[PDB]
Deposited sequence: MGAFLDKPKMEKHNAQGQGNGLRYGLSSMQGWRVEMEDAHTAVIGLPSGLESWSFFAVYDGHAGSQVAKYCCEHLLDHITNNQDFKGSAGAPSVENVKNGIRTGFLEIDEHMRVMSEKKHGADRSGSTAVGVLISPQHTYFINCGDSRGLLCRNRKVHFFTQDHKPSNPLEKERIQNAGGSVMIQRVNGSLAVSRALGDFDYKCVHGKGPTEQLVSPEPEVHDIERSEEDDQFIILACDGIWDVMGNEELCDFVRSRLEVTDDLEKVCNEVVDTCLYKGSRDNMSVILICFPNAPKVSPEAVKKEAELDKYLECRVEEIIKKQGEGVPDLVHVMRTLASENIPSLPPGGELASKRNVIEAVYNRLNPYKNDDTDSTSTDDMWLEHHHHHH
């Protein structure tokens, strides 16, 4: 509803390891007056799914309630229904997919009844993007305009398709539910076509839960795992994707992993880079690395130290009536400095430039 006068740049982090996985995450409120993102990150699932893992980002809209509920309860709604637990043995691919769909519909209905019964005043909604990782499969899950991708063999192997109201099938559903897409928005208001919550958009008489103006139905994609070739998974809200493309962010993350194995720090760098690229939204990123993720390179670390020192010297010489940081950044940009991080560019080096600037002009 409003912007802060200065961004809240404080990072909240988590990290972990297990089942042959390493992960880090970072979330940051940014320019927004409230933090309405949430996330789930768990290696080892209950009830015979110890070798399974689950990661998810939730981008809350008009409040954090739906997102916060999801982040604590979506997983059990997915795994603790009859469709997921279908077969006698390990869940089949269909069990997993049907189980995920049922879990989204059932948590949505659960929240709706909780809200009706307790006379809930919030009209919040949430996206969800995540991965359910088994020994042999990565199941991508998407509902909304948060986004996930898989980097395999140094390339974007897969990314989720954002649910935008102007997408043909989304637009069709909206119109069949009595609504319209005005520019990019449901009835000129809502920027997503799919979400949990947003119950005001789920009141069309004579249409099922998945045929409302806004649908809680997730899209699920089974990717068979590749032990040799799988590198990393990125999950993030639109606060990240609004200012960095799939290949850019994939290239950027690779460049950062070649310099560090600290996954929280890599996530911090993504979020700061997007802030400095002009993102004014809440930002959350989860980075899940597989055994063959890029490795720290002695040469990359050396190039990074050389670049940092170079930037430090440039700031000094530009300072020489001292220019402010905005103007220093502008001057550095006009220098077309080579060997900046792919995708991240000068924005990804701002913390280094600003720390230099502060040392030289501390007042």
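- Counting from residue 1 of the deposited sequence, the stretches lacking C-alpha coordinates in this chain are 1, 322-325, 369-390.
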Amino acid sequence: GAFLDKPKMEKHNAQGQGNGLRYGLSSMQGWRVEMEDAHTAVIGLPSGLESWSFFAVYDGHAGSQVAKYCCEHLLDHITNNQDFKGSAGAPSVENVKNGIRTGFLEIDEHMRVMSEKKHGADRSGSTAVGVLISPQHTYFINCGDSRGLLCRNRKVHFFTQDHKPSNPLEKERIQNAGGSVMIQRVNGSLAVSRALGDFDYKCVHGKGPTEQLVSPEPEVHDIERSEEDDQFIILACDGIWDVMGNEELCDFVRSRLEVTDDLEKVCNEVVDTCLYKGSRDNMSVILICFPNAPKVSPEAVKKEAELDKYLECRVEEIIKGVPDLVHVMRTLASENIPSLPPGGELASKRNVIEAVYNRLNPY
From here on, numbers count along this sequence of modelled residues.
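Under this definition, the rigid core comprises the largest set of C-alpha atoms superposing within 1.5 Å between the forms.
- Farther on average from this form in 6 other deposited structures of this protein lies stretch 79-87, the comparison being between 138-146 and 79-87 by RMS Cα distance after core superposition.
- Relative to its counterpart among 298-306 and 40-48, 40-48 has the higher mean temperature factor, C-alpha atoms as listed in the PDB entry.
- Averaged over Cα atoms, the B-factor as recorded in the entry is higher for 6-14 than for the other of 339-347 and 6-14.
- Of the candidates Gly245, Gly89, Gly144, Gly125, it is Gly89 whose Cα B-factor is highest according to the PDB record.
- Based on the entry's C-alpha B-factors, the most elevated value among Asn81, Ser193, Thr138, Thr273 belongs to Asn81.
- In this PDB entry, the Cα temperature factor of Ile107 sits in the middle third of its chain's modelled residues.
- Placement of the Cα temperature factor of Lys118 within the chain: highest third of the modelled residues, per the deposited record.
- Among the modelled residues of its chain, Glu264 has a C-alpha B-factor that falls in the lowest third according to the deposited record.
- Compared with the other modelled residues of the chain, the Cα B-factor recorded for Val204 ranks in the highest third.
- Ranked by C-alpha B-factor against the other modelled residues of its chain, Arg330 falls in the highest third.
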